[PDB]
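First up is the structure itself, then whatever we jot down about it.
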Amino acid sequence: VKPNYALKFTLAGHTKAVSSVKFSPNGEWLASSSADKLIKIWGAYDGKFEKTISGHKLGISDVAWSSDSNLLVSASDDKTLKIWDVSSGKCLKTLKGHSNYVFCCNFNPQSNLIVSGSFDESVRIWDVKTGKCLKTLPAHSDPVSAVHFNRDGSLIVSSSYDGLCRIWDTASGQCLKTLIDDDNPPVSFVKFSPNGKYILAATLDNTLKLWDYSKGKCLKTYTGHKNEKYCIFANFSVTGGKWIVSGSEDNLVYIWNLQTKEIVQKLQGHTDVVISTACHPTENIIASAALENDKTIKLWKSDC
Numbered sequence: 003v004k005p006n007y008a009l010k011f012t013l014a015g016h017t018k019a020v021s022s023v024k025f026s027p028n029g030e031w032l033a034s035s036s037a038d039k040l041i042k043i044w045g046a047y048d049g050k051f052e053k054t055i056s057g058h059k060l061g062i063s064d065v066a067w068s069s070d071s072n073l074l075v076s077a078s079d080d081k082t083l084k085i086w087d088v089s090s091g092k093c094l095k096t097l098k099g100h101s102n103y104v105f106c107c108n109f110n111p112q113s114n115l116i117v118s119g120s121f122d123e124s125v126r127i128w129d130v131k132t133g134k135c136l137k138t139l140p141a142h143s144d145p146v147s148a149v150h151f152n153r154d155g156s157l158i159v160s161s162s163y164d165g166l167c168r169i170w171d172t173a174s175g176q177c178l179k180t181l182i183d184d185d186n187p188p189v190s191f192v193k194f195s196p197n198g199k200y201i202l203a204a205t206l207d208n209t210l211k212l213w214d215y216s217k218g219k220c221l222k223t224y225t226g227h228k229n230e231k232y233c234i235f236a237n238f239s240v241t242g243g244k245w246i247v248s249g250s251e252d253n254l255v256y257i258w259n260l261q262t263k264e265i266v267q268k269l270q271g272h273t274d275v276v277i278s279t280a281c282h283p284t285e286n287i288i289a290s291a292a293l294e295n296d297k298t299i300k301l302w303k304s305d306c
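If you're matching positions, the sequence shown starts at 3 in the working numbering and goes up one per residue.
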């Protein structure tokens, strides 16, 4: 009925706001990025600090893992993305092309491609092996807040302060669908459901929405949290109960029942905006991370 997530670890070490936390696909590691220009790797189950990955000249907005858990990509205000070999910590490639801060990034499931979103209003698709830009999509008319590939990499979904959610054919770059409600508040997040049939989208009117984009219809609305200013990451949690999980600008992690939309738990502990949450791929484990009055990551664990 309800989870019972309890605090297990507080991961200290970043010196500015944390921007993003992500579990490796094999579940072994958490990676974190921060305004302090650094990536940090931590053990997912014992919270143990592993190493620092350095090289960006300005703060990092996002980090993402390849499917084999061997590479990371980061997006930075220095207008580049970097591909990192996690074991060595070396920068394998620097991805130049964006004309302003890069804000979001992701590998596709095969992990031969990376997608980025930028303040320059564009979405780019990059070849992992060469570090070259394959396509620049004129995706939006304001900064792009999130980019995500669907389950097999055949589609990209993007969101922008322009109020729109768009879905793109990866191979061609053709826009297959624009989602818009009668109202156009800035869309601060978007991602595909694990089965790729639905889309979870956050807008800066304190609202999360689950969209059936085959039919272009909003099915669920989740409220009660605070989200009017920041681009906060949300997630589907599928390892036990089927929940929706998001950060909030009242320093809490919110957890909703996906089907009934009822708030099932609120996680208190952070002392600043909870900007990012990640759900563990196999265990009922949540990582949360907060802005610069806090600077820590928290690992939580529930029985369902």
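The beta-carbon is built from N, C-alpha and C at its ideal position, and this holds for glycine as well.
Quick check on residue i: does DSSP put it in helix, strand or coil?
i	result
residue 81	coil
residue 293	coil
residue 234	coil
residue 74	strand
residue 66	strand
residue 3	coil
residue 222	strand
residue 153	coil
residue 200	strand
residue 122	coil
residue 127	strand
residue 279	strand
residue 167	strand
residue 108	strand
residue 141	coil
residue 180	strand
Nearest-angstrom Cα distance between residue i and residue j?
i	j	result
residue 208	residue 143	22 angstroms
residue 74	residue 221	33 angstroms
residue 289	residue 246	14 angstroms
residue 46	residue 31	5 angstroms
residue 114	residue 8	37 angstroms
residue 197	residue 268	26 angstroms
residue 3	residue 243	8 angstroms
residue 79	residue 120	9 angstroms
residue 108	residue 127	10 angstroms
residue 102	residue 63	12 angstroms
residue 18	residue 295	8 angstroms
residue 192	residue 90	32 angstroms
residue 43	residue 95	19 angstroms
residue 148	residue 212	15 angstroms
residue 248	residue 70	26 angstroms
residue 176	residue 254	38 angstroms
residue 22	residue 136	26 angstroms
residue 204	residue 291	18 angstroms
residue 131	residue 172	17 angstroms
residue 122	residue 161	13 angstroms
residue 2	residue 153	Since the first residue of the chain shown is 3 and the last is 306, residue 2 is not available in this structure.
residue 26	residue 36	17 angstroms
residue 39	residue 10	26 angstroms
Applying the 10 Å Cβ sphere with the 16-neighbour rule, what's the burial state of residue i?
i	result
residue 264	exposed
residue 158	buried
residue 307	Given a span of 3 to 306 for the chain in the structure shown, any question on residue 307 remains unanswerable.
residue 306	exposed
residue 66	buried
residue 297	buried
residue 230	exposed
residue 308	Residue 308 is absent from the structure shown; the chain starts at 3 and stops at 306.
residue 184	exposed
residue 210	buried
residue 14	exposed
residue 51	exposed
residue 164	buried
Does the beta-carbon distance from residue i to residue j come in below 8 angstroms?
i	j	result
residue 92	residue 82	no
residue 304	residue 5	yes
residue 266	residue 293	no
residue 166	residue 182	yes
residue 250	residue 227	yes
residue 284	residue 49	no
residue 111	residue 151	yes
residue 124	residue 141	yes
residue 300	residue 282	no
residue 233	residue 190	yes
residue 16	residue 34	yes
residue 201	residue 215	yes
residue 280	residue 53	no
May I have a chain-ordered list of the beta strand (DSSP E) segments no shorter than 3 residues that lie completely inside the stretch 31 to 58? 31 to 36, 41 to 45, 51 to 55
Where are the beta strand (DSSP E) runs, 3 residues long or more, that stay fully inside the stretch 241 to 274, in chain order? 245 to 248, 254 to 259, 265 to 270
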